[PDB]
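A.B. asks: Okay, here's the structure, questions in a sec.
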Amino acid sequence: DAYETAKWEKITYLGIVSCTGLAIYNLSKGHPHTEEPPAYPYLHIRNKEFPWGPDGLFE
Amino acid sequence: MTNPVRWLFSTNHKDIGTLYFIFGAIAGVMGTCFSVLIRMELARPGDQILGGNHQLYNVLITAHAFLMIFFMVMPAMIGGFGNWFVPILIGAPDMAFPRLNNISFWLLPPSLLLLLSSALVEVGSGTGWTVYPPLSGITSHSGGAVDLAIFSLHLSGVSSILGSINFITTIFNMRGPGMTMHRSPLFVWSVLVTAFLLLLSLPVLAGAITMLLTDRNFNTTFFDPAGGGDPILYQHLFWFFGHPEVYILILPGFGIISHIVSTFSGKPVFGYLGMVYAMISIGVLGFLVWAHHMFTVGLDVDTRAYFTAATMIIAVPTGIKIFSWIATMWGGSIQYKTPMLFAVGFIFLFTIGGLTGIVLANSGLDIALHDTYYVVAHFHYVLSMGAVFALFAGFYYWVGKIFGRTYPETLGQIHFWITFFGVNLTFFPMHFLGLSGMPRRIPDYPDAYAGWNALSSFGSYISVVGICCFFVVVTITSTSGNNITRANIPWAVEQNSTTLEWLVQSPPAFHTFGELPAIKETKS
Amino acid sequence: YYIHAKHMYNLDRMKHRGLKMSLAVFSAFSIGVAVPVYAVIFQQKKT
Amino acid sequence: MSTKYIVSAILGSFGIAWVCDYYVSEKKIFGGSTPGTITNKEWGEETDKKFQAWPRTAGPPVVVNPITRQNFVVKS
Amino acid sequence: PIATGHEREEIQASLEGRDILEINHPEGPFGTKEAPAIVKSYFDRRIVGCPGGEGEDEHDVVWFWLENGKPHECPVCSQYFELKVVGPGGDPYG
Amino acid sequence: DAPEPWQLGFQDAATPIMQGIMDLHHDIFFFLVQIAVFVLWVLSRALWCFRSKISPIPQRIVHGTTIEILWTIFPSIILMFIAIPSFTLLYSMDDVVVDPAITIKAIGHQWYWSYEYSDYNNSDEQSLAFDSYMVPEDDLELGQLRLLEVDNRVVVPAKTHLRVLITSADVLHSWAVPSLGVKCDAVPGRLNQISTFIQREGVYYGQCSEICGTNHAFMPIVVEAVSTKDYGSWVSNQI
Amino acid sequence: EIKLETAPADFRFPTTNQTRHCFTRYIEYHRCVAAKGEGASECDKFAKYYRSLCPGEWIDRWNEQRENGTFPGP
Amino acid sequence: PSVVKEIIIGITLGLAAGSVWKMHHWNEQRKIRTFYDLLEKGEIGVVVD
Amino acid sequence: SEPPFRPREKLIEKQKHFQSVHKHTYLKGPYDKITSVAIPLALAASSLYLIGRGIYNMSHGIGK
Amino acid sequence: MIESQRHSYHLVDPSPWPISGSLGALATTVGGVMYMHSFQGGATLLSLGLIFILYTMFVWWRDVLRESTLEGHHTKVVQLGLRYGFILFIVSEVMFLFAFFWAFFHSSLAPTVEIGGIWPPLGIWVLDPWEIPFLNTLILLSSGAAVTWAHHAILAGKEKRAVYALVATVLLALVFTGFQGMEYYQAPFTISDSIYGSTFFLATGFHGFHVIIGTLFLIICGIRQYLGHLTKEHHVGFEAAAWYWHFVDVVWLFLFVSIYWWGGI
Ligand code: HEA
Ligand code: HEA
Ligand SMILES: [Cu+2]
Ligand SMILES: [Mg+2]
Ligand SMILES: [Zn+2]
């Protein structure tokens, strides 16, 4: 009855501990971007300008 | 204030059915006005009433197609007859999830307003019924009309999803006592199967047109050729919706026709399990073929072969159904009232439409006949004749019940004959022109095809006369000063009825059931 | 209210019902064959 | 019983459809036009005589619809 | 737990051992020779459906609007249906 | 080859493909007229011999055996019979054993076509390219058709193989000439191949079968099949 | 005097995508021009093939892209 | 009323109609075959002059 | 076994209050008076007016 | 009372929330068009319609909770019917995301000649499928385990630890949406890029939106469980939340595998 609750409690605690460790790993990375690719025809297309036109959202 | 509460607020599946019927009638009249305008433009070669502006003609064909394929048959088969006669017939109180019922119905009219405003904005949506991507692109339209139409499709789709969830949960849960699944009538069964198709297929259309929307405005490249993303992707998605879409406009018709034949032949439906399994198989095999609408675009040979085979296999079960109906008239004691007239016309004209469909199902024949008025004749017989004639049959058969009055008989037969003659004259020359080779969706034709299009144009006005007669019938019914009797009609007077819905009252009281029915269920 | 009525509609009761239903159906037809024509009329009223 | 009424109403419906057609596409109570190719009344004439020998850009005049019209040249 | 109204009545019945609508399943042996094939009804007259059948035969379904004063026999399989009110016999809508 | 007033059925054929199409449609129509007449006959005899004045007793039969399986099986063999020829037509039309002799790109612009018989030029820039405009109403001679006559038609040698690469430049289109029995879609990204082989001289007309923008049905296609010597003279003169 | 011949029927592409046929022929011709350069015979063969196959607009756009250094694919 | 007799007569009428249509189709096929046969090996040409 | 952070008799009092009124479902309580007659009502009125103005402007091609 | 009603099903009473929600949807759609194309009333109309839909949805769920918790109209049968309806809704959402996956696959199995006939398109710096996306998968996996822990809290009669498990799950879901936001901001390619970027961003955005709605569902269930509205025998809201969250996790698993693993290969 309660053994199942204890067991899933244990594995959820394990999950959050491992996830917090992995978050510590992923952060502190500088993430330096590489050079912009050459302007291939299929990149940065503007069929109809955005309402906030000049640059896309999230930039 | 009490009446506005009872209408705008009430759940009451019967009242929602009445509202659905009124909306269906309005949408049907609008669609027929568009059809008459199309016919007026196509009456003679040259510019007839549009005086140019073929863009407006394309807008007209798009609006006619949407209006009658989304706002006339679906609000009348599912919302109209479904809402009313699923819980009454199955032997249940008010439907499950009444608020979903109300929200679906009140979602529909804003969808109608969106569609008309899409036909009314800066220039219009001249992209056809099946909005194809590159034409509906922002380079070629740049209006917003296509955006409004796409949102109209979103609202209609969401409403139909809500209705489908309603019907599925009601049939699976809200049945009466003792009533095994194999004792629910075929109307309930067809509504179940069509609700499953509406639940499964329709979200794919929502995804496809959402993708089209974000291709137009938010500047993606799903259907822009430069960057991958061919328009074939949209063809695939829209038609994976499209064919389940067309085996939904006719399944409630099948259910209603089965009921009408059963009640007029003095005997129930021959081969009940055959009917049920054939209809389930039609539902299942409505999915496994979706590209038989795009044979002439460049698929490889093996896909063409497979879709040919799939269309033939989907042809078989409809044959089982029609032969079953023919069998369940071998008994006797027929009686040729107007519902029987319309059921018989349904069977005959749907047979003609189905055979033409078979002719179209092959590959090479579709290579020769793609996008020519042969296809228009095929689906106008099938869809118009089948769905609309089943609709009229159901309407007479059950206006015996909704309002409590009864139509005059000579006017009912006059309307049947007028409509049959007109709408069967006006669509057979479409077969002949399609064989000749005229392309579909054109405002002007070469001089050679002018011979028949004068004759077909003579067919629309007869159908207009028929519809006006039908509305005279509806008004004289709603003001007929002579209620339901035995001399008038012999249905509701039955002390014993195969279907549960005839032995209740003239209209159902308010809950349709002071106390639920039972079943003896012997072998104690 | 008529939740506890023998008939959900009880259509007979209203005031002669005839003019009302006639106007109802005629206005339904008018809305069905007015807007489709009006859309074309407006489009030609435009450019 | 009513076959008189039904048949009479069908014929009346045909009459009304004819009248509406005549007013809307023969005299055009709603504005419109007619092509120059049909009002000339001699265009079909030349169209048929040209099915006999249809002009061409590179080569002598050549026939069209050879089978369904049974029109074609002989030994030469 | 917490409950009041319809769920409370349901759970009180399922705790006391009684079935609320056990009158809604007749489940009787076929026919009437000296014993009527009986149903139960909370009102004066009620809808009853016969599928018929000793256990092998059956007819699809027939709905008849059974009433109190008059026993009704199934049209096709010809068995009696005698009603016996277990509530206040009144017109279902009063 | 051209459309006819008050015509029933297909136009005339100038391609083995179109012969196959005619034969397949005729076989299908034979089987389906059999089906339709039989169904109409059985329905009529059922309605008429039991018309409430001969048989006022329902006769009450609901379960049927050894006839349901019969109308489940017999339509199956009917479908097998009407799918034997279709598959043969498909798998005998796909194969191109012979090499194509020419190559005629047909780029479907917005409301007018274009063509390039590019396989005659020593350079990279293409010679022999032109546009196929519909002739307006007042620019016609006393004979030609309406909205179906074209300036500077497609020229093709007769009795020798072809290969036309349909494609588009603006929106969806379709190259569709019925007399040759050729219909395919020009999608702005792909290059569809059609292998055809005319059998006789003369001119063949066709139209667009897809919704392009506004001048749809005013975007026609004309193909001439002429003798090989004359085709050579015309190409050498056009270069 | 005229040639009256064109690209052959390639075993690799029995479908209806001479779009792939176009791209393949273009890549083979430029692989010539890169590696051999003086295999003028075989590479004129490849050149004639893609000229016959690829539409003029595609050829011009791809040549300009190749000059600009933004030509996707090999 | 005899069910087998009705189905037999229906099949027979269907076959008769199909035979009529097939005779039509055969005559049309013969016309096409003889036209092309001559067009290769006969007086018939297609260019008028 | 522990009741969740409430005495659970406040819920019983609320049940008594709700079952002890003679109105529809959406009007029960004093909160719902304000809520379900003023907020949706004025909100729908404003929505209707803005929808009408927007359709008018889009159709006529004014006020870009 | 049931003995007079003679059947245990539910009969609701009229409420204007259907029509009000439909009017809100019309407001949202016309505002959406008027903001997609530059117009004066666009942004304000879209926002007003969106908050209208939110408000009607709020009062609707409030009404359902009011009925079923205080009036007690839910009997066993309508309790079952609610589960039926929600399973059907999940099936519909499955088909929707199937359509999106079909779009991706049809665009990525045979890449066109115009992106080099290769995948991914040259010049799109694919995310390493192991730094952030792996952490997101681990976070959602732990969230699913925590939801199961909450379910076994409710079932086992221990009605106090249920709020602890639910709050742990909400924290994990918030961490996931925060890391997805970080991924969007640090993206080395935008939506207006090739079909790769386009399908990536559309699919991932709808998945994140489903994550937001599932998270808020879980928040509602957490507040209800804290207030005591749920019991061991009679709880459907929590079961709906658990099924929806399992749906979101499964969709994320398919998404991660296909897009992040295969597309980057
Ligand atoms: C619901 C389906 C439906 C119906 C009923 C109709 C009805 C009619 N249609 Fe329509 N049509 C389509 C669906 C339908 N159509 C579709 C999908 C297309 C494709 C568009 C395109 O390709 O892009 C099309 C296209 C189409 C075209 C080609 C447009 C083009 O090529 O440019 C034409 C040409 O005349 C045409 C004509 C007609 C005519 C004369 C009728 C007449 O039959 C008018 C109908 C007559 C009736 C008898 C029905 C009215 C009934 C009532 C109003 C009563 C309702 C009762 C209640 C609900 C109680 N239709
Ligand atoms: C309204 C519903 C409906 C129905 C029921 C059908 C029925 C069928 N349709 Fe139809 N179809 C449409 C809707 C519908 N269609 C629409 C809307 C279009 C136009 C789409 C567009 O605008 O592009 C179209 C067009 C269309 C096309 C061409 C699309 C294009 O190329 O233009 C094709 C070809 O594949 C096709 C196939 C079939 C087949 C095989 C059937 C079969 O299921 C028919 C089955 C019926 C029977 C065959 C009759 C009963 C059978 C017998 C009595 C037994 C004897 C028969 C045999 C021997 C098997 N349909
Ligand atoms: Cu289909
Ligand atoms: Mg096509
Ligand atoms: Zn019995």
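In the structure tokens, chains take letters A, B, ... by order of appearance, with residues numbered from 1 within each chain and ligands from 1 in the order shown.
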List the spatial neighbours of residue 4 (chain E) as a list in words - criterion: any atom at most 12 Å away, only C-alpha atoms, same-chain residues fewer than 3 positions off excluded.
C.D. replies: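 Contacts, with the query itself left out: residues 1, 7, 8, 9, 10, 11 and 12 of chain E; 11, 12, 13, 14, 15, 16, 18 and 19 of chain I; 1, 67, 68, 69, 70, 71, 72, 73, 74 and 75 of chain J.
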A.B. asks: Mind dumping the selected residues with N, CA, C and O atoms as a CSV table (one decimal), in the first residue's frame?
C.D. replies:
chain,number,residue,atom,x,y,z
E,1,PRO,N,-16.1,9.8,3.2
E,1,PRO,CA,-15.3,11.0,2.9
E,1,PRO,C,-16.1,12.3,3.0
E,1,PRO,O,-16.6,12.6,4.0
E,7,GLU,N,-24.5,11.7,-5.0
E,7,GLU,CA,-23.4,10.8,-4.7
E,7,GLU,C,-23.6,10.3,-3.3
E,7,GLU,O,-23.3,9.1,-3.1
E,8,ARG,N,-24.1,11.1,-2.4
E,8,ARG,CA,-24.3,10.6,-1.0
E,8,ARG,C,-25.3,9.5,-1.0
E,8,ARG,O,-25.2,8.5,-0.4
E,9,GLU,N,-26.4,9.7,-1.8
E,9,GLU,CA,-27.5,8.6,-1.8
E,9,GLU,C,-26.9,7.4,-2.5
E,9,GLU,O,-27.1,6.3,-1.9
E,10,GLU,N,-26.1,7.5,-3.5
E,10,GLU,CA,-25.6,6.4,-4.2
E,10,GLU,C,-24.7,5.6,-3.2
E,10,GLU,O,-24.7,4.4,-3.1
E,11,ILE,N,-23.8,6.3,-2.5
E,11,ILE,CA,-22.8,5.6,-1.7
E,11,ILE,C,-23.5,5.1,-0.4
E,11,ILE,O,-23.1,4.0,0.1
E,12,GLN,N,-24.5,5.7,0.1
E,12,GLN,CA,-25.3,5.1,1.2
E,12,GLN,C,-25.9,3.8,0.8
E,12,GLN,O,-25.9,2.9,1.5
I,11,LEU,N,-15.5,23.3,4.4
I,11,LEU,CA,-16.1,22.8,3.2
I,11,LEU,C,-17.5,22.4,3.4
I,11,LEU,O,-18.4,22.6,2.6
I,12,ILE,N,-17.8,21.8,4.6
I,12,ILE,CA,-19.2,21.4,4.9
I,12,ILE,C,-20.1,22.6,5.1
I,12,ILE,O,-21.2,22.6,4.6
I,13,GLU,N,-19.6,23.7,5.7
I,13,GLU,CA,-20.3,24.9,5.8
I,13,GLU,C,-20.6,25.5,4.4
I,13,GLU,O,-21.7,26.0,4.1
I,14,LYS,N,-19.6,25.5,3.5
I,14,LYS,CA,-19.8,26.0,2.2
I,14,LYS,C,-20.8,25.1,1.4
I,14,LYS,O,-21.6,25.6,0.6
I,15,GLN,N,-20.8,23.8,1.6
I,15,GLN,CA,-21.8,22.9,1.0
I,15,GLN,C,-23.2,23.3,1.5
I,15,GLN,O,-24.1,23.3,0.7
I,16,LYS,N,-23.3,23.5,2.8
I,16,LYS,CA,-24.6,24.0,3.3
I,16,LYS,C,-25.1,25.2,2.7
I,16,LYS,O,-26.2,25.4,2.2
I,18,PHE,N,-24.2,26.5,-0.3
I,18,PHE,CA,-24.6,26.3,-1.7
I,18,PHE,C,-25.9,25.6,-1.9
I,18,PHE,O,-26.7,25.9,-2.7
I,19,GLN,N,-26.1,24.5,-1.1
I,19,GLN,CA,-27.3,23.8,-1.3
I,19,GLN,C,-28.5,24.5,-0.6
I,19,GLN,O,-29.6,24.1,-0.8
J,1,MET,N,-33.4,14.7,-5.6
J,1,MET,CA,-33.0,13.4,-5.1
J,1,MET,C,-33.2,12.4,-6.2
J,1,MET,O,-34.0,12.6,-7.1
J,67,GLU,N,-20.4,22.7,-8.6
J,67,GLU,CA,-21.3,21.6,-8.7
J,67,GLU,C,-20.8,20.3,-8.1
J,67,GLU,O,-21.3,19.9,-7.1
J,68,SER,N,-19.7,19.8,-8.6
J,68,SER,CA,-19.3,18.5,-8.3
J,68,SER,C,-18.8,18.3,-6.9
J,68,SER,O,-18.8,17.2,-6.3
J,69,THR,N,-18.2,19.4,-6.3
J,69,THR,CA,-17.7,19.3,-4.9
J,69,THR,C,-18.7,19.7,-3.9
J,69,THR,O,-18.7,19.0,-2.8
J,70,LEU,N,-19.5,20.7,-4.1
J,70,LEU,CA,-20.5,21.1,-3.0
J,70,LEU,C,-21.9,20.6,-3.3
J,70,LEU,O,-22.5,20.0,-2.3
J,71,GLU,N,-22.4,20.7,-4.5
J,71,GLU,CA,-23.7,20.1,-4.8
J,71,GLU,C,-23.6,18.6,-4.8
J,71,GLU,O,-24.6,17.9,-4.3
J,72,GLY,N,-22.5,18.0,-5.2
J,72,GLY,CA,-22.4,16.6,-5.3
J,72,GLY,C,-23.1,15.9,-6.4
J,72,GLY,O,-23.5,14.8,-6.2
J,73,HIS,N,-23.3,16.6,-7.5
J,73,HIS,CA,-24.0,16.0,-8.6
J,73,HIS,C,-23.3,14.8,-9.3
J,73,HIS,O,-23.9,14.0,-10.0
J,74,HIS,N,-22.0,14.7,-9.2
J,74,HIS,CA,-21.3,13.6,-9.8
J,74,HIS,C,-21.6,12.3,-9.1
J,74,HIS,O,-21.4,12.1,-7.9
J,75,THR,N,-22.2,11.4,-9.9
J,75,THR,CA,-22.4,10.0,-9.5
J,75,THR,C,-21.3,9.2,-10.1
J,75,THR,O,-20.5,9.7,-10.9
A.B. asks: Need the shell around region 27-44 of chain H: protein/DNA/RNA residues with any atom at most 8 Å away, counting only C-alpha atoms. Skip same-chain ones fewer than 5 positions apart. Format as number ranges by chain?
C.D. replies: D: 67, 72-76
A.B. asks: Those same residues - N, CA, C and O atoms - I'd like them written as a tab-separated table (two decimals), in the first residue's frame.
C.D. replies:
chain	number	residue	atom	x	y	z
D	67	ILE	N	-10.53	11.15	-87.10
D	67	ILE	CA	-11.35	9.97	-86.87
D	67	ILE	C	-12.81	10.37	-86.69
D	67	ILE	O	-13.67	10.00	-87.49
D	72	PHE	N	-10.23	13.59	-94.31
D	72	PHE	CA	-8.82	13.29	-94.54
D	72	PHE	C	-8.54	13.22	-96.03
D	72	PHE	O	-9.43	13.01	-96.85
D	73	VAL	N	-7.26	13.41	-96.37
D	73	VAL	CA	-6.82	13.48	-97.76
D	73	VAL	C	-6.57	12.06	-98.26
D	73	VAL	O	-6.53	11.11	-97.47
D	74	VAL	N	-6.37	11.91	-99.56
D	74	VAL	CA	-6.29	10.65	-100.28
D	74	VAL	C	-4.89	10.54	-100.88
D	74	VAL	O	-4.01	11.32	-100.51
D	75	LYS	N	-4.70	9.60	-101.80
D	75	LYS	CA	-3.41	9.00	-102.14
D	75	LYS	C	-2.21	9.91	-101.95
D	75	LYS	O	-1.19	9.49	-101.39
D	76	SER	N	-2.29	11.16	-102.42
D	76	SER	CA	-1.22	12.12	-102.20
D	76	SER	C	-1.08	12.45	-100.71
D	76	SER	O	-0.62	11.63	-99.91
A.B. asks: Give the residues close to ligand 5, within 12 Å, counting only C-alpha atoms and all ligand atoms; write them as a PyMOL selection string.
C.D. replies: (chain B and resi 496+498+519-522) or (chain E and resi 29-31+37+48-55+57-64+72-81)
A.B. asks: Could you take the residues named above and write them with N, CA, C and O atoms, as a compact mmCIF listing (two decimals), in the first residue's frame?
C.D. replies:
# COMPACT_ATOMS: atom_id res chain seq x y z
N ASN B 496 -46.54 -0.29 -30.81
CA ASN B 496 -45.32 -1.08 -30.82
C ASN B 496 -44.44 -0.56 -31.95
O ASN B 496 -44.87 -0.55 -33.10
N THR B 498 -40.35 -0.37 -33.66
CA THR B 498 -38.99 -0.90 -33.69
C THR B 498 -38.03 0.09 -33.05
O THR B 498 -37.15 -0.29 -32.27
N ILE B 519 -35.52 -3.72 -20.34
CA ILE B 519 -35.41 -4.84 -21.27
C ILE B 519 -35.63 -6.12 -20.48
O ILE B 519 -35.02 -6.31 -19.42
N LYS B 520 -36.50 -7.00 -20.98
CA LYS B 520 -36.89 -8.17 -20.20
C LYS B 520 -35.69 -9.06 -19.88
O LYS B 520 -35.51 -9.47 -18.74
N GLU B 521 -34.86 -9.36 -20.88
CA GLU B 521 -33.60 -10.07 -20.66
C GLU B 521 -33.84 -11.42 -19.98
O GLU B 521 -33.51 -11.63 -18.81
N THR B 522 -34.44 -12.33 -20.74
CA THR B 522 -34.87 -13.62 -20.21
C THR B 522 -33.69 -14.55 -19.97
O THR B 522 -32.53 -14.11 -19.96
N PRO E 29 -38.17 -15.28 -16.51
CA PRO E 29 -38.31 -16.39 -17.46
C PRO E 29 -39.40 -16.11 -18.48
O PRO E 29 -40.39 -15.43 -18.19
N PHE E 30 -39.21 -16.65 -19.67
CA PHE E 30 -40.09 -16.36 -20.79
C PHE E 30 -41.48 -16.96 -20.59
O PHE E 30 -41.62 -18.07 -20.06
N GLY E 31 -42.50 -16.22 -21.00
CA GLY E 31 -43.83 -16.76 -21.19
C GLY E 31 -44.73 -16.61 -19.98
O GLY E 31 -44.31 -16.23 -18.89
N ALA E 37 -45.16 -13.05 -16.76
CA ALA E 37 -43.78 -12.58 -16.92
C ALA E 37 -43.77 -11.11 -16.53
O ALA E 37 -44.19 -10.25 -17.30
N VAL E 48 -41.43 -0.75 -21.89
CA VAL E 48 -40.75 -2.03 -21.71
C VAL E 48 -40.40 -2.58 -23.07
O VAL E 48 -41.19 -2.50 -24.02
N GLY E 49 -39.21 -3.16 -23.18
CA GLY E 49 -38.72 -3.73 -24.42
C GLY E 49 -38.54 -5.24 -24.30
O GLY E 49 -37.96 -5.73 -23.33
N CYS E 50 -39.03 -5.95 -25.30
CA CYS E 50 -38.89 -7.38 -25.34
C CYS E 50 -37.88 -7.76 -26.41
O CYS E 50 -38.02 -7.32 -27.56
N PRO E 51 -36.84 -8.50 -26.07
CA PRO E 51 -36.01 -9.13 -27.09
C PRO E 51 -36.44 -10.56 -27.33
O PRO E 51 -35.95 -11.23 -28.24
N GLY E 52 -37.34 -11.05 -26.49
CA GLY E 52 -37.82 -12.42 -26.56
C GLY E 52 -36.73 -13.45 -26.35
O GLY E 52 -35.55 -13.10 -26.20
N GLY E 53 -37.10 -14.72 -26.33
CA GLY E 53 -36.09 -15.75 -26.34
C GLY E 53 -36.04 -16.65 -25.12
O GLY E 53 -35.74 -16.20 -24.02
N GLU E 54 -36.34 -17.94 -25.34
CA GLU E 54 -36.08 -18.95 -24.32
C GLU E 54 -34.62 -18.97 -23.92
O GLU E 54 -34.30 -19.36 -22.79
N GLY E 55 -33.72 -18.55 -24.81
CA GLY E 55 -32.29 -18.63 -24.60
C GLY E 55 -31.56 -18.92 -25.90
O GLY E 55 -30.36 -18.69 -26.01
N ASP E 57 -33.70 -18.77 -29.40
CA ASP E 57 -34.36 -17.85 -30.31
C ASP E 57 -34.35 -16.44 -29.72
O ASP E 57 -34.05 -16.24 -28.54
N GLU E 58 -34.65 -15.46 -30.56
CA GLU E 58 -34.85 -14.09 -30.13
C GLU E 58 -35.34 -13.28 -31.32
O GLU E 58 -35.02 -13.59 -32.47
N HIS E 59 -36.13 -12.26 -31.03
CA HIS E 59 -36.48 -11.24 -32.00
C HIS E 59 -35.81 -9.94 -31.60
O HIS E 59 -35.59 -9.69 -30.41
N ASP E 60 -35.48 -9.11 -32.59
CA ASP E 60 -34.46 -8.09 -32.40
C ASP E 60 -34.73 -7.21 -31.19
O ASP E 60 -33.99 -7.27 -30.21
N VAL E 61 -35.78 -6.40 -31.25
CA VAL E 61 -36.28 -5.70 -30.07
C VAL E 61 -37.64 -5.11 -30.41
O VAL E 61 -37.86 -4.67 -31.54
N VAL E 62 -38.56 -5.12 -29.46
CA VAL E 62 -39.83 -4.43 -29.65
C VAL E 62 -40.14 -3.63 -28.40
O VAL E 62 -40.13 -4.16 -27.29
N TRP E 63 -40.37 -2.33 -28.58
CA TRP E 63 -40.69 -1.41 -27.50
C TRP E 63 -42.20 -1.27 -27.43
O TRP E 63 -42.83 -0.90 -28.43
N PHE E 64 -42.79 -1.57 -26.28
CA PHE E 64 -44.20 -1.28 -26.10
C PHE E 64 -44.40 -0.48 -24.83
O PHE E 64 -43.70 -0.66 -23.82
N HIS E 72 -50.07 -6.78 -21.54
CA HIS E 72 -49.72 -6.65 -22.95
C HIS E 72 -48.83 -7.81 -23.35
O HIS E 72 -47.85 -8.11 -22.65
N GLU E 73 -49.15 -8.45 -24.46
CA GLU E 73 -48.39 -9.59 -24.96
C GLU E 73 -47.48 -9.14 -26.10
O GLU E 73 -47.86 -8.28 -26.90
N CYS E 74 -46.30 -9.72 -26.16
CA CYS E 74 -45.32 -9.32 -27.16
C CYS E 74 -45.85 -9.65 -28.55
O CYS E 74 -46.33 -10.76 -28.78
N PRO E 75 -45.79 -8.71 -29.50
CA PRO E 75 -46.43 -8.95 -30.81
C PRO E 75 -45.90 -10.16 -31.55
O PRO E 75 -46.69 -10.87 -32.18
N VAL E 76 -44.60 -10.44 -31.47
CA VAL E 76 -43.99 -11.48 -32.28
C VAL E 76 -43.78 -12.77 -31.50
O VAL E 76 -44.13 -13.85 -31.98
N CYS E 77 -43.22 -12.70 -30.29
CA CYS E 77 -42.92 -13.92 -29.55
C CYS E 77 -44.02 -14.32 -28.58
O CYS E 77 -43.94 -15.41 -27.99
N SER E 78 -45.04 -13.48 -28.41
CA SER E 78 -46.29 -13.83 -27.74
C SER E 78 -46.06 -14.33 -26.31
O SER E 78 -46.30 -15.49 -25.97
N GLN E 79 -45.57 -13.41 -25.47
CA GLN E 79 -45.47 -13.62 -24.03
C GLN E 79 -46.13 -12.45 -23.32
O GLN E 79 -46.12 -11.32 -23.82
N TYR E 80 -46.69 -12.72 -22.14
CA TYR E 80 -47.39 -11.68 -21.40
C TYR E 80 -46.41 -10.77 -20.67
O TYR E 80 -45.28 -11.14 -20.36
N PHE E 81 -46.87 -9.55 -20.37
CA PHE E 81 -46.08 -8.57 -19.63
C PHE E 81 -47.02 -7.89 -18.64
O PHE E 81 -47.65 -6.88 -18.96
A.B. asks: Would you work out the distance separating atom 53 (C, counted along the ligand's line) of ligand 1 from CA of residue 25 (chain B), expressed in Å to one decimal?
C.D. replies: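 Rounded to one decimal, the two atoms are 5.8 Å apart.
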A.B. asks: Quote the spacing between CA of residue 123 (chain F) and CA of residue 71 (chain G) in Å to one decimal place.
C.D. replies: 21.7 Å
